[PDB]
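*Asks:*
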Amino acid sequence: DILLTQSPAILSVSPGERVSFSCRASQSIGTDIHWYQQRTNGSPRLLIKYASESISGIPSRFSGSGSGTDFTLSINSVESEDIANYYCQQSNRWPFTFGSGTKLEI
Amino acid sequence: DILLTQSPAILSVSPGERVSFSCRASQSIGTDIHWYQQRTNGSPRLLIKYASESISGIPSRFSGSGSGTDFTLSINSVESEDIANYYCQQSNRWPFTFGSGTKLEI
Amino acid sequence: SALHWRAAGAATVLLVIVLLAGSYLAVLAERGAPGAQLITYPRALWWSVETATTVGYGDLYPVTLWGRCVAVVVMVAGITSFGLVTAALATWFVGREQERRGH
Amino acid sequence: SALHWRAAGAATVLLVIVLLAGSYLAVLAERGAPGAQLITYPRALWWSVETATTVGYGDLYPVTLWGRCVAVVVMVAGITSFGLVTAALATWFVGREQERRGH
Amino acid sequence: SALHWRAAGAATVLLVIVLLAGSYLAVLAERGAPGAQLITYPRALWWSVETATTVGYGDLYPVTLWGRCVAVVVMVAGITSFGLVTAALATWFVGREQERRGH
Amino acid sequence: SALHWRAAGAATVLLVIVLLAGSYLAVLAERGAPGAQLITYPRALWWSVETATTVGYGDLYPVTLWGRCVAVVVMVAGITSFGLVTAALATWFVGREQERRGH
Ligand SMILES: CCCC[N+](CCCC)(CCCC)CCCC
Ligand SMILES: [K+]
Ligand SMILES: [K+]
Ligand SMILES: [K+]
Ligand SMILES: [K+]
């Protein structure tokens, strides 16, 4: 089973600044990585698919890059509404797995 | 995306001596590595292609070796005109990437 | 119409059906097998196309017994078919040859 | 019955025999070779099926001289056979064409 | 001249065209896909040759949908063609056999 | 004797020659290319057999331009040949069919 390491656990940043959360795979998973955002007491919300493909309804502020073992979710100018938990999840190999998660902090 | 580590950043050497800059890939890229020389305020100048193939107009002093993850650019008897920045760049996998660069110092 | 043409004709449609059900069943067979990669319809379909055409780069392959079974069927349908087009292409030539031979 | 049909017919049975003895001998040839993976009957059999059908994903392959020899034989039987079905499929078409040509 | 020969004849030229446009389009389709390797014309061309001839070592392969599409076309042209040479080679034999049969 | 049989006959001998010179030239082409593995006659020969028979597990493959060229030739000879046996096998059937048809 694949391991999705997400460190740091928390990330401090100031308004409008650019933030980037890191997610590492225990082995090449290509581009089969997807991002989810979860706000306090919310349900997860698909943010990005296949590491760099955008989803409709998601701020153009949200972007992603990476391939193989090192992937990056990026917010280009943070802001209050962005405060949440961010998780990565691979579907390269069965069974799917989730990242330990990373908390945004403005 | 591939990582091209180039260390040290600087390299001290004495006239005529033989120098060798190291460039490491985050994963096998075969021979798909190429060298560029950039002098103060110049444009890059292809030095070597595919790690060991020479380019016309380039001093026979310039050579290269390596394959997989560890590549070496070598100057057989340095000299003033050689003072510059040296970068490696792979084209094994999209998107191309560049090495952090290494400064020669006589 | 000309049998050998209906054949090649059929042969193609049928293959397309095997390719699809192949992709579908493959995913079904593979999911559940740790380290398995043949697990999403889209690639599973490209898996089947490279397999029928017998290329198969090894980028993807079944690791379960049922997954493989599907592989064997996709493989066999893939082969058989193209070979049928060939066969049919031969009847065509052999026939038009006679004609040029005034018979 | 129609030769070309007995052929394809035979051809199949024979292959199934080669596939089996192939799997069996392959394991026998490979065991003993450090780093070898073609070493348990079950997969060895799927190894032979992907090999006869000429696909071969490279998930498994012989590294010993005798192992390879078996590979060459499985490969050759695999090819030859299917090609025989093709050939036979062609006789079928060429013949039924004449009929439609009133000859 | 003999149709089956013009065919095999054509068949070859055409393939060479597919091989080339294949290499060209493949690079175009792949570039942009992280981790993609099918990204420089030269190897892309050897990629197409190993693919048409259905070998494909897995040293290189498309990972994009359009890249694959090109693959399917190269694969299919590759197969079809050689099979056409075969077919044509058969007309040749079948015909020269009649002659030796005094007919 | 029967042309199509001399053909298949020839076809085989010739292949064996291509397989050998292939192995020999491949090693010659590859040595000198860093990271190359197609560099000792023995395996180079098994490389050629898996390649002619179009299987090719990707355990070994050329990375030089001349190495590949040899690959393309081995590939093509491999294909062509077997297809010739097929073709020849078809003449055989088509002919013995006529006989059973009392013609
Ligand atoms: C020596 C060629 C052997 C491979 N063939 C022919 C490919 C011609 C590019 C693959 C057919 C494609 C379904 C025949 C199947 C043999 C089992
Ligand atoms: K094949
Ligand atoms: K193959
Ligand atoms: K392979
Ligand atoms: K293969």
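Protein chains in written order, with the authors' numbering: chain L, 1 to 106; chain W, 1 to 106; chain A, 22 to 124; chain V, 22 to 124; chain S, 22 to 124; chain F, 22 to 124.
All C-beta atoms, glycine included, are put in the ideal place defined by N, C-alpha and C.
Which class does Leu24 of chain V belong to by DSSP, given the choice of helix, strand or coil?
*Replies:* On the fourth sequence, position 3 is the one that residue 24 of chain V refers to. Reduced to three states, the DSSP call for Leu24 of chain V is helix.
*Asks:* Going by the C-beta, is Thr75 of chain V closer than 8 Å to any heavy atom of ligand 2?
*Replies:* Start at 1 with the first residue of the fourth sequence, and residue 75 of chain V comes out as number 54. Flag set: Cβ of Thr75 of chain V near ligand 2.
*Asks:* Please determine whether the Cβ atom of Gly79 of chain A lies at a distance below 8 Å from any heavy atom of ligand 4.
*Replies:* The residue you call residue 79 of chain A lines up with position 58 of the third sequence. Yes; taking the cut-off as 8 Å, the Cβ of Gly79 of chain A has a heavy atom of ligand 4 nearer than that.
*Asks:* Kindly confirm or deny that the region 73-82 of chain A and the region 65-83 of chain V touch, where touching means at least three C-beta pairs closer than 8 Å.
*Replies:* yes
*Asks:* Figure out for me which residue from A:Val84, A:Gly123, A:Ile38 and A:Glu118 has the closest Cα to the Cα of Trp26 of chain S.
*Replies:* By one-based count along the fifth sequence, residue 26 of chain S stands at place 5. Per the C-alpha coordinates, the member of A:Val84, A:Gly123, A:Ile38 and A:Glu118 positioned closest to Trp26 of chain S is A:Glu118.
*Asks:* How about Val37 of chain A and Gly116 of chain S: are their beta carbons less than 9 Å apart?
*Replies:* Taking the first residue of the third sequence as 1, we reach residue 37 of chain A at position 16. Taking the first residue of the fifth sequence as 1, we reach residue 116 of chain S at position 95. Not in contact: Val37 of chain A and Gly116 of chain S (Cβ atoms no closer than 9 Å).
*Asks:* What are the residues in the region 22-55 of chain F lying within 7 Å of chain W by C-beta distance?
*Replies:* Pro55
*Asks:* Considering just the uninterrupted stretch of the beta strand (DSSP E) at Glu105 of chain W, what are its terminal residues?
*Replies:* Start at 1 with the first residue of the second sequence, and residue 105 of chain W comes out as number 105. Start and end: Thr102 to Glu105.
*Asks:* When Cβ atoms are compared, which residues of the region 100-112 of chain S fall closer than 8 Å to chain A?
*Replies:* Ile100, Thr101, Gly104, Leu105, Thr107, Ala108, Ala109, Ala111 and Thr112
*Asks:* Using beta-carbon positions only, say whether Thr61 of chain F and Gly99 of chain F come within less than 9 Å of one another.
*Replies:* Within the sixth sequence, numbered from 1, the residue matching residue 61 of chain F stands at position 40. Within the sixth sequence, numbered from 1, the residue matching residue 99 of chain F stands at position 78. No. Outside cutoff.
*Asks:* Does the distance between the C-beta of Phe96 of chain W and the nearest non-hydrogen atom of ligand 1 fall short of 8 Å?
*Replies:* Taking the first residue of the second sequence as 1, we reach residue 96 of chain W at position 96. No, ligand 1 has no heavy atom inside 8 Å of this Cβ.
*Asks:* Establish whether the CB of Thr72 of chain L and some CB of chain S are separated by less than 9 Å.
*Replies:* The count along the first sequence starts at 1 and reaches residue 72 of chain L at position 72. It does not; no Cβ of chain S falls within 9 Å.
*Asks:* Starting from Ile100 of chain A and walking both ways along the alpha helix (DSSP H), at which residues does that stretch end?
*Replies:* Within the third sequence, the letter at position 79 stands for residue 100 of chain A. Segment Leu86 to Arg121, the alpha helix (DSSP H) holding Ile100 of chain A.
*Asks:* Answer with yes or no whether the minimum CB distance from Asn92 of chain W to chain S is below 9 Å.
*Replies:* As a position in the second sequence, residue 92 of chain W is number 92, starting the count at 1. Closer than 9 Å to some Cβ of chain S, the Cβ of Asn92 of chain W qualifies, so yes.
*Asks:* Which residues does DSSP list as the beta-bridge partners of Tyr62 of chain F?
*Replies:* On the sixth sequence, position 41 is the one that residue 62 of chain F refers to. For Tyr62 of chain F, which the question treats as bridged, DSSP gives no partner whatsoever.
*Asks:* Can you tell me whether DSSP reads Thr72 of chain L as helix, strand or coil?
*Replies:* By 1-based counting over the first sequence, the position of residue 72 of chain L is 72. Three-state result, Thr72 of chain L: strand.
*Asks:* Take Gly104 of chain V as the anchor and find which of V:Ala23, V:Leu24, V:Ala29 and V:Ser22 has the nearest alpha-carbon.
*Replies:* Within the fourth sequence, the letter at position 83 stands for residue 104 of chain V. The option with the nearest alpha carbon to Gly104 of chain V is V:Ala29.
*Asks:* So, helix, strand or coil for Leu41 of chain S, using DSSP?
*Replies:* Indexing the fifth sequence from 1 puts residue 41 of chain S at position 20. Here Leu41 of chain S sits in helix by DSSP.
*Asks:* Note down the Cα distance separating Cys88 of chain L from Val48 of chain A, rounded to an integer number of angstroms.
*Replies:* In the first sequence, the residue the question calls residue 88 of chain L occupies position 88. In the third sequence, the residue the question calls residue 48 of chain A occupies position 27. Taking the straight line joining both Cα atoms gives about 23 Å.
*Asks:* Residues of chain V with CB closer than 7 Å to the CB of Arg117 of chain F, please, in chain order.
*Replies:* The residue labelled residue 117 of chain F in the question sits at position 96 within the sixth sequence. The answer, in chain order, is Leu24.
*Asks:* Does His124 of chain S pass the burial test, meaning 16 or more other C-beta atoms within 10 Å, or should it be called exposed?
*Replies:* Residue 124 of chain S sits at position 103 when you count from the first residue of the fifth sequence. That one is exposed.
*Asks:* Using CA coordinates, which residue listed in W:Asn92, W:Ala84 and W:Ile106 is at the minimum distance from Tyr36 of chain W?
*Replies:* Counting from one through the second sequence, the residue named residue 36 of chain W turns up at place 36. It is W:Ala84 whose Cα lies nearest to the Cα of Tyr36 of chain W.
*Asks:* So with CB distances below 8 Å, who are the chain W contacts of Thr61 of chain S?
*Replies:* What you label residue 61 of chain S is simply residue 40 of the fifth sequence in a count that begins at 1. Going along chain W in sequence order, the residues near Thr61 of chain S (Cβ under 8 Å) are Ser91.
*Asks:* Using DSSP with H/G/I as helix, E/B as strand and the rest coil, what is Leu49 of chain V?
*Replies:* For the purposes of this step, residue 49 of chain V is taken as residue 28 along the fourth sequence, with counting starting at 1. When secondary structure is reduced to three states using DSSP, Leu49 of chain V falls in the helix class.
*Asks:* Report buried or exposed for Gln27 of chain L, applying the criterion of at least 16 other Cβ atoms within 10 angstroms of its Cβ.
*Replies:* As a working mapping, residue 27 of chain L is identified with position 27 in the first sequence. It is exposed - the Cβ of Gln27 of chain L has fewer than 16 other Cβ atoms within 10 Å.
*Asks:* Since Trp35 of chain W sits in a beta bridge, which residues does DSSP pair it with?
*Replies:* Numbered from its first residue, the second sequence carries residue 35 of chain W at position 35. Answer is W:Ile48 and W:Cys88.
*Asks:* Which residues bound the beta strand (DSSP E) around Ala25 of chain W?
*Replies:* Here residue 25 of chain W refers to the residue found at position 25 when the second sequence is read from its first residue. Taken as a continuous stretch (DSSP letters only), the beta strand (DSSP E) holding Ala25 of chain W covers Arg18 to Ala25.
*Asks:* Which residues in the same chain as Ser54 of chain W place their Cβ atom closer than 6 Å to its Cβ, once the five residues preceding and following it in sequence are excluded?
*Replies:* Stepping through the second sequence from its first residue, residue 54 of chain W is reached at position 54. Answer for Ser54 of chain W: no residue qualifies.
*Asks:* Output the boundary residues of the beta strand (DSSP E) element that contains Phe62 of chain W.
*Replies:* Along the second sequence, read from residue 1 onward, the residue named residue 62 of chain W stands at position 62. Where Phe62 of chain W is concerned, the enclosing beta strand (DSSP E) stretches over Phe62 to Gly66.
*Asks:* To the nearest angstrom, how far is the alpha carbon of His34 of chain L from that of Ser43 of chain W?
*Replies:* For the purposes of this step, residue 34 of chain L is taken as the residue at position 34 of the first sequence. For the purposes of this step, residue 43 of chain W is taken as the residue at position 43 of the second sequence. Going by the C-alpha atoms only, they are around 39 Å apart.
*Asks:* Under DSSP, the beta strand (DSSP E) around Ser12 of chain L begins and ends at which residues?
*Replies:* Counting from 1 along the first sequence, the entry for residue 12 of chain L is found at position 12. Counting along the chain, the beta strand (DSSP E) containing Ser12 of chain L begins and ends at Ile10 to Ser12.
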